[PDB]
Amino acid sequence: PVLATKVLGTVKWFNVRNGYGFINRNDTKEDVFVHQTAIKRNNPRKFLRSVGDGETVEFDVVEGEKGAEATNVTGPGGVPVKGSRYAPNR
RNA sequence: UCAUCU
């Protein structure tokens, strides 16, 4: 079950070293947790799993253990995310 | 799951 699909949001922050971040939903203005494994289309020219602070992402919302979370996270229209400056380019 | 990392 998916609570919401293709939600658009702005990354609040994402910690590359520790592997998680938060996205602010553009529709409800609620922060949602995003795990590194929830990123579906990583920047193919970085080599870590990440989204970058402030970038615009598109995602599904599902029920987590500590609140609703983001999953299937991509750029708008399913394109690769930009990724974090804390994740070096190849 | 509110982290603090080039």
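Quick note: numbers below take in every heavy atom, side chains included, and nothing from hydrogens, waters or symmetry partners. A note on names: the letters A, B, ... follow the listed sequences, proteins ahead of strands, and every chain is numbered from 1.
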**Q** Tell me, do A/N26 and A/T10 make a side-chain contact under 4.5 Å, heavy atoms counted?
**A**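 They are in contact (side-chain heavy atoms under 4.5 Å apart), so the answer is yes.
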**Q** State, with a plain yes or no, whether a side-chain heavy atom of A/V2 is found less than 4.5 Å away from one of A/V61.
**A**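 A/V2 does not reach A/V61 side chain to side chain.
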**Q** Should A/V51 and A/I39 count as side-chain neighbours, where that means a heavy-atom distance under 4.5 Å?
**A**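 Yes, close enough: below the 4.5 Å cut-off.
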**Q** Determine whether A/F14 and A/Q36 make a side-chain contact, defined as any pair of heavy atoms from C-beta on separated by less than 4.5 Å.
**A**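 Yes. Closest side-chain heavy atoms under 4.5 Å.
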**Q** B/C5 P sits how many Å from A/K46 NZ, rounded?
**A**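 To the nearest whole Å, that distance equals 17 Å.
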**Q** Which residues pass the side chain to side chain contact (heavy atoms under 4.5 Å, CB included) test with A/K12, sequence neighbours left out?
**A**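 For A/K12 the side chain to side chain contact (heavy atoms under 4.5 Å, CB included) partners, ignoring immediate neighbours, are A/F22, A/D31.
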**Q** What parts of residues 7-36 of chain A reach RNA chain B, counting only heavy atoms under 4.0 Å away?
**A**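 Those residues whose heavy atoms fall under 4.0 Å from RNA chain B, taken from residues 7-36 of chain A in numerical order, are A/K12, A/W13, A/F14, A/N15, A/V16, A/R17, A/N18, A/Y20, A/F22, A/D31, A/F33.
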**Q** Does the separation of the ring centres of A/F33 and A/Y20 fall below 6.0 angstrom?
**A**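 Yes, they do, as the ring centres are separated by less than 6.0 Å.
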**Q** If you apply the rule side-chain contact (heavy atoms from CB on, under 4.5 Å), what do you find for A/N42 with A/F47, and how did you get there?
**A** CA-CA 8 Å; A/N42 281 284; A/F47 52 87; over 6 Å; no
**Q** For the base of B/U6 and the side-chain ring of A/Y86, does the geometry meet a stacking cutoff of under 5.5 Å between centres and under 30° between planes?
**A**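 So no, this residue does not stack on that base, at least one cut-off failing.
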**Q** Could you give the CZ-to-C1' distance, from A/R49 to B/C5, as a whole number of Å?
**A**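 These atoms are roughly 18 Å apart.
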**Q** Within residues 56-69 of chain A, which residues have any heavy atom lying less than 4.0 Å from an atom of RNA chain B?
**A**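 By residue number: A/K66, A/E69.
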**Q** Does the side chain of A/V34 reach to within under 4.5 Å of the side chain of A/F59, using non-hydrogen atoms?
**A**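 Not in contact.
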**Q** Please work out which residues in residues 37-44 of chain A have a non-hydrogen atom less than 4.0 Å from an atom of RNA chain B and list them by number.
**A**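 When residues 37-44 of chain A is checked for heavy atoms under 4.0 Å from RNA chain B, there are no hits whatsoever.
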**Q** Pairs of donor and acceptor atoms involving the side chains of residues 70-89 of chain A, under 3.5 Å and at least two apart or interchain, shall be tabulated with distances.
**A**
residue: A/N72; atom: ND2; partner: A/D60; partner atom: OD2; Å: 3.1
residue: A/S84; atom: OG; partner: A/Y86; partner atom: N; Å: 2.9
residue: A/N89; atom: OD1; partner: A/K46; partner atom: NZ; Å: 2.8

**Q** Residues in side chain to side chain contact (heavy atoms under 4.5 Å, CB included) with A/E63, at least two apart?
**A**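 With neighbours one apart ignored, the set is A/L3, A/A68.
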